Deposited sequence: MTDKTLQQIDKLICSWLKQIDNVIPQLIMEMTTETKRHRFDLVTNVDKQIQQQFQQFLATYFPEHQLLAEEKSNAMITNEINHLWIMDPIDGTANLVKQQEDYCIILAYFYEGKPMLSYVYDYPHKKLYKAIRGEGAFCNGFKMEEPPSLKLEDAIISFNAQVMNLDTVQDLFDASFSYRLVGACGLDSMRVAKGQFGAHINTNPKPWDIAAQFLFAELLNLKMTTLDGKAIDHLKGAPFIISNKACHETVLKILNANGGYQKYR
């Protein structure tokens, strides 16, 4: 099973998914948990079927199923967010994506962020590189924080620290889907993106993008992230990583509550 052969299958499934999604939206149903739609659930279930059929040994860690059965020592693992940006899907029908990442004996090998509304497939392949619709991505120019746009959820952080980030950055922007805000960092459009409480599926693809494009991707302590577990995280241009972490840890830390 070469990486290229697997990649062929995935890109092909993603392409057929264009033909399914307009119908799911047509008949869009929404519900609460404490949002999720038929689109989230169906995309996920079809991917499960795809695996059953092409890669029966492979396991799936995904948002809309239980993941109690997933362990540290698993050979072939897919982590999926079937729709990242559900709020955007529901309210805007735009600015949402599918996230897929393949880990072989725990090492990231393939990653996908499919911006379906703009028909832009970001992909990362170990040994080949990272690509947007087959235009090859390269390491972005250095961005010092003062010269860069940052993205984060300001509703979930201490107001002192939110203000410090505003003062230290060039501007603030928010797409509102972790995958897409993270790709803005990979493309050099944003300096950094922060999500203070992500699940494994919110960040799964980003590990390989960060490695191949020389981005820093760490916890808000600067540590490695366990892809099997969440952690408060940042994906950042290498030139503004330290400054952002310094700000987040200043003033008794970034958490809104102690």
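- Gaps in the coordinates relative to the deposited sequence fall at 1-3, 38-41.
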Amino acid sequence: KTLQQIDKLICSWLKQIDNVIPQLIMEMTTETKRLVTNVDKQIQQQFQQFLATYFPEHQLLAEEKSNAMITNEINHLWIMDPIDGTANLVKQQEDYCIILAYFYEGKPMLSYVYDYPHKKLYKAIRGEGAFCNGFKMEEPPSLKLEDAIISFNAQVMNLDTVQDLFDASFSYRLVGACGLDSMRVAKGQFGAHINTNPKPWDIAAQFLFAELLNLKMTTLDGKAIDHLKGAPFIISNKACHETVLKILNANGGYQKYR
From here on, numbers count along this sequence of modelled residues.
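- When the C-alpha B-factors of 181-189 and 138-146 are averaged, 138-146 comes out higher.
- Relative to its counterpart among 191-199 and 219-227, 219-227 has the higher mean temperature factor, C-alpha atoms as listed in the PDB entry.
- Across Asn88, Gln163, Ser151, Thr71, the greatest Cα temperature factor reported in the deposited entry is at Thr71.
- Sort the modelled residues of the chain by CA B factor and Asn38 lands in the lowest third.
- Sort the modelled residues of the chain by CA B factor and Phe103 lands in the highest third.
- Sort the chain's modelled residues by C-alpha temperature factor and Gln92 lands in the lowest third, per the entry.
- Sort the modelled residues of the chain by CA B factor and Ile21 lands in the lowest third.
- Among the modelled residues of the chain, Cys132 sits in the middle third by CA temperature factor in this PDB entry.
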